[PDB]
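Next comes just one chain, in C-alpha cells: the form deposited in one PDB entry.
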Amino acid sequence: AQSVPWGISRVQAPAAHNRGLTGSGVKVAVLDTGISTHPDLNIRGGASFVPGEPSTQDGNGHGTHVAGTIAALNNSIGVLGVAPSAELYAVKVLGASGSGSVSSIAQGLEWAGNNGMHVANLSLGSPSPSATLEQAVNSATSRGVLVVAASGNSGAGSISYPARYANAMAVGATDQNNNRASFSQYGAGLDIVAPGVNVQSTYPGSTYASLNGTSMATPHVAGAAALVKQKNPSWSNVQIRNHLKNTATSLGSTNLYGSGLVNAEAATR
C-alpha cells in the first residue's frame, strides 16, 4: 500500500494528479548528496561534482529523501511525490558527509543549465555569502532553470545562501498546523513555505524515513513547479515562480511565510 505523506496532501498534489498533472516531461535536478536507486524512484541521469565520489548514488540519505518528496512514484508502494512523473536527475554536489564546496555546487548549477533542467532543487545552504554561488544561481536562471533553495534551519530572521540571492526561490518550513517550524529561517527574500516537519520519504536501502527541515520543504515547491510546467510548457522559470507565489495560500506575516503555503491545486486550477 502507498501512503500519502501529510505534506503531500497539505500542498494538494493529489488534486493536480486527478487533473492529469504529474510533472511528465519536466526535468528536475536534485543538487544534493546524490540519489540512491530505490523501487519508488525513477532516476533518469545526472552527474557528480564531488571530488573522490564519482557515483551519483547517495551515501548520506538526504538527497534520496528530497528526491522522493519531489517524485516518488504513484503506485501501490511507499510514498507519493508532488510530481510523481517528473524526470529526476541526480546532481551530486554534497559529499556523503552532507557537505560540499562552492565549486561543486556551482558546477552542478552549470550542468543543470547546460542540460536543460526546468527545476533545480537546492536543499542546502550556508550562513555566509558566495559570489561564486551567486553567479552560478544567475547562470542557471539565465539558462531557463527555476532554482528552488531551502531557507535554512537556524531559526533566525534572515535566510541562508544561496536562497538569499534574488534568483533563487527561497522556501521555508511549516509544521502540521501550518505554523512556522521553530527552525525555519525567515526574513527578507523568503518566497514561500511548505511542509517541513515529520516528512516521510524514500531513503537508501529501499526504505522510508521521516525527517525535519527546510530541506524537506523545498522539494514540495520544486515538485509544484513541475506540475505548473507540465500544465504550461511555454512558461519561463519566472512565470512559474510568480504563479506559485500568487496561488499560494496566504498565511499573513510575509516576513515569516513569504507568499504563504504552496498550493498545487490552486496553481493548476
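Residues carry their position along the shown sequence, with the first being 1. In this text, the rigid core denotes the largest set of C-alpha atoms whose superposition between the two forms falls within 1.5 Å.
Annotation: of the segments 191-199 and 124-132, 124-132 departs further from this form in 5 other deposited structures of this protein (C-alpha atoms, root mean square over structures and residues, core superposition).
Taking the PDB entry as given, 101-109 carries the higher mean Cα B factor of the two stretches 135-143 and 101-109. Taking the mean C-alpha B-factor of each stretch as recorded, 87-95 and 170-178 are not equal, and the higher mean is that of 87-95.
For the set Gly213, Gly52, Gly63, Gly223, the maximum C-alpha B-factor listed in the entry falls on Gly52.
You'll see in the entry that, of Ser234, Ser36, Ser201, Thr218, the Cα B factor peaks at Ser234.
Sorting the modelled residues of the chain by their CA temperature factor places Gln12 in the lowest third. Placement of the Cα temperature factor of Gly23 within the chain: middle third of the modelled residues, per the deposited record. Per the PDB record, residue ranking by Cα B-factor puts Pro162 in the middle third of the chain. In this PDB entry, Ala47 carries a Cα temperature factor that places it within the highest third of its chain's modelled residues. Ranked against the other modelled residues of its chain, the C-alpha B-factor of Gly187 as given in the entry falls in the middle third.
Not pictured, yet referred to below: the form solved in complex with a partner chain.
Heavy atoms within 4.5 Å of its partner chain in the bound PDB entry belong, among the stretches 151-159, 73-81, 107-115, 186-194, to residues of 151-159. In the bound PDB entry, at least one heavy atom of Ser99 sits within 4.5 Å of its partner chain. In the bound PDB entry, its partner chain lies farther than 4.5 Å from every heavy atom of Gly172. The closest heavy atom approach of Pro127 to its partner chain in the bound PDB entry falls within 4.5 Å. Shown alone here, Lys27 lies farther than 4.5 Å from its partner chain in the bound PDB entry, counting heavy atoms only.
Proximity to its partner chain in the bound PDB entry, taken as a non-hydrogen atom within 4.5 angstroms, holds for one residue of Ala120, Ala168, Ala90, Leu94, which is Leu94. Between its partner chain and the residues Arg241, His38, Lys231, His62, the one pair within 4.5 Å by heavy atoms in the bound PDB entry involves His62.
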